[PDB]
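*Asks:* A structural model of the following input is requested.
(one chain, ligands or ions: 1)
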Amino acid sequence: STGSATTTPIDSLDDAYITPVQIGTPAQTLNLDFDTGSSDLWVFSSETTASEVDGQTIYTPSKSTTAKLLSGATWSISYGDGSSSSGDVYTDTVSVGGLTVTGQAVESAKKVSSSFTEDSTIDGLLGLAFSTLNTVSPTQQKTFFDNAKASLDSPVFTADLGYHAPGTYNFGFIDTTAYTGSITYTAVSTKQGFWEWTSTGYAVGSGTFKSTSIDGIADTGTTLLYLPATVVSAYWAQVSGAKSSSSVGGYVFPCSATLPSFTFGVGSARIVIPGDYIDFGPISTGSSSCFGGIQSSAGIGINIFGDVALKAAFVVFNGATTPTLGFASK
Ligand SMILES: CNCc1nccn1C
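*Replies:* Residues are numbered from 1 along each chain as shown. Take a look at the structure below.
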């Protein structure tokens, strides 16, 4: 089998992407944030604390004839941006772009933190990291991909995120019309439960390529590109007036600037992130100070190839017995 669904930016900055997902019988369609950096499929629901729901579409398991309470199971998760959610668990039928999994763990939120409430466009998350990170207790649950894998034509999914435009998540096949040139594959470590890989280096604008190993994760659920302070300083040094602002929480730059591109290595191949992709707009409405899309990972403990990087590429998440990652230009 295969599946194919369109993924759409939630706002004009590409802060995140939402993909429609059918849950239950009859289907209840929720718009979920597909997140290759976590492993829980959780949704706003009829069980979510009422004051914490503000415009989201909710899953109501009592209206699904295929929903079953997973007795005794709870979940609780904290994300890298300081947000969190928690609740109980149902199994139900979940379909993405025509690909159906029966008995998928659908984690129903009883509580969500403020930044989830305040974002009306995201109805929950669909985790696509390794199932070893799944938070369900006392019996850990499998991701949608893990459950689907055996049935897929090929045990892969692909992320093709758009810049200020829709894109595509495919399951079970590689769309050879969706990228240019060849896909370069690179080794993955699953030891931390992430799609963790090692970039071979970087360049800033038309500058020379620096060969240097950068270990990091391919994370569709993080907006920005987080890299070592040395790399990030080298990038922003090429932008007049750019500076790291402790008060704002990262590098900012004059909105009048023209940003240079940033290139990252995948083996001997090169992915070029256009300068425009690195502009996250005014820090506050009407400001002429703009927020940068490349930021230091120093305070995080891991480098993160988030949407800023991934949207410059066609990305293959190869879930074969030995997983790998593939990147192509597009
Ligand atoms: C904005 N913070 C919550 C959130 N929304 C999508 C992902 N995450 C972690």
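*Asks:* domains of the protein?
*Replies:* The record's domain parsing of the chain by curated CATH domains lists 5-174, 175-330.
*Asks:* Can I get those domains in CSV including distance to the ligand?
*Replies:* (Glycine included, C-beta is placed from N, CA and C.) Shown next, in CSV, are the domains of the chain (distance: least, CB to the nearest ligand atom, whole Å):
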stretch, distance to the ligand
domain 5-174, 4
domain 175-330, 6
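*Asks:* Redo those domains as TSV? Include mean neighbour count.
*Replies:* Formatted as TSV, the domains of the chain follow (neighbours: other CB atoms under 10 Å):
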stretch	mean neighbour count
domain 5-174	19
domain 175-330	18
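*Asks:* who's in contact with residue 224?
*Replies:* Listed by CB atoms under 8 Å, 6 or more residues apart in numbering, the contact partners of residue 224 are 280, 293, 294, 295, 304, 306, 307, 308.
*Asks:* go on, residue 190?
*Replies:* Neighbour list for residue 190: 130, 132, 196, 323 [criterion: CB under 8 Å, 6+ apart].
*Asks:* quick one: the helices in the protein?
*Replies:* 114-117, 144-148, 229-236, 307-310 (DSSP state H).
*Asks:* out of these, nearest to residue 210?
*Replies:* Of all those, it is helix 229-236 that lies closest to residue 210, at 8.1 Å by CB to CB.
*Asks:* Tell me the helices and strands packed up against that closest one.
*Replies:* Applying 3 or more CB pairs under 8 Å, 6 or more residues apart in numbering; DSSP states H and E, one finds that helix 229-236 makes contact with strand 196-204, strand 250-254, strand 294-296.
*Asks:* How far does that helix sit from its chain's centre?
*Replies:* Its chain's average C-alpha position is 23 Å from that of helix 229-236, according to CA atoms, centre = their mean, to the nearest Å.
*Asks:* could you check the angle strand 250-254 makes with it?
*Replies:* Here the directions of helix 229-236 and strand 250-254 differ by 10 degrees (axes from the mean of the first three to the mean of the last three CA atoms, to 10 degrees).
*Asks:* who's in contact with helix 229-236?
*Replies:* Taking CB under 8 Å, 6+ apart as the rule, helix 229-236 contacts 202, 204, 214, 242-244, 251, 253, 260, 262, 292, 294-298.
*Asks:* and which of those is nearest residue 192?
*Replies:* Proximity of those to residue 192 (CB to CB) peaks at residue 297, which lies at 14.2 Å.
*Asks:* So what pairs up with the closest residue to that closest one other than its chain neighbours in the strands?
*Replies:* Closest residue to residue 297 apart from its sequence neighbours, by CB to CB, 6 or more residues apart in numbering: residue 226 at 4.0 Å. Here residue 226 sits in beta bridges with residue 295, residue 304, going by DSSP bridges.
*Asks:* Identify the residues contacting residue 61.
*Replies:* Contact analysis of residue 61 by CB under 8 Å, 6+ apart lists 24, 45, 46, 67, 69, 90, 92, 106, 108.
*Asks:* For stretch 3-18, what is the distance to the chain centroid?
*Replies:* How far stretch 3-18 lies from its chain's middle: 10 Å, per CA atoms, centre = their mean.
*Asks:* Make 52 the first number, not 1, from now on.
*Replies:* In the new numbering, first residue 52, that becomes stretch 54-69.
*Asks:* Figure out the length between the terminal residues of that stretch.
*Replies:* Stretch 54-69 stretches 16 Å from its first residue to its last (CA to CA, to the nearest Å).
*Asks:* do the same with stretch 56-73
*Replies:* 11 Å.
*Asks:* repeat for stretch 68-79
*Replies:* End-to-end for stretch 68-79, by CA to CA: 19 Å.
*Asks:* hang on, isn't residue 88 packed against residue 268?
*Replies:* Yes: with contact defined as CB atoms under 8 Å, residue 88 reaches residue 268; the gap is 6.1 Å.
*Asks:* Between the two, which contacts overlap?
*Replies:* In contact with both residue 88 and residue 268: 245, 246, 355, using CB under 8 Å, 6+ apart.
*Asks:* Please report the distance of the last one from residue 174.
*Replies:* The one in question is residue 355. Remark: distance between residue 355 and residue 174 (CB to CB, to the nearest Å) = 24 Å.
*Asks:* re earlier: of all the helices of the chain, which lies closest to residue 56?
*Replies:* Once the helices of the chain are compared by CB to CB, helix 195-199 is nearest, at 11.5 Å.
*Asks:* And the contacts of that closest one?
*Replies:* Helix 195-199 has contacts (CB under 8 Å, 6+ apart) with 52, 54, 92, 145, 147, 150, 152, 154-155, 177-179, 181-182, 208, 222-223, 368, 370.
*Asks:* Right, I'll leave it there.
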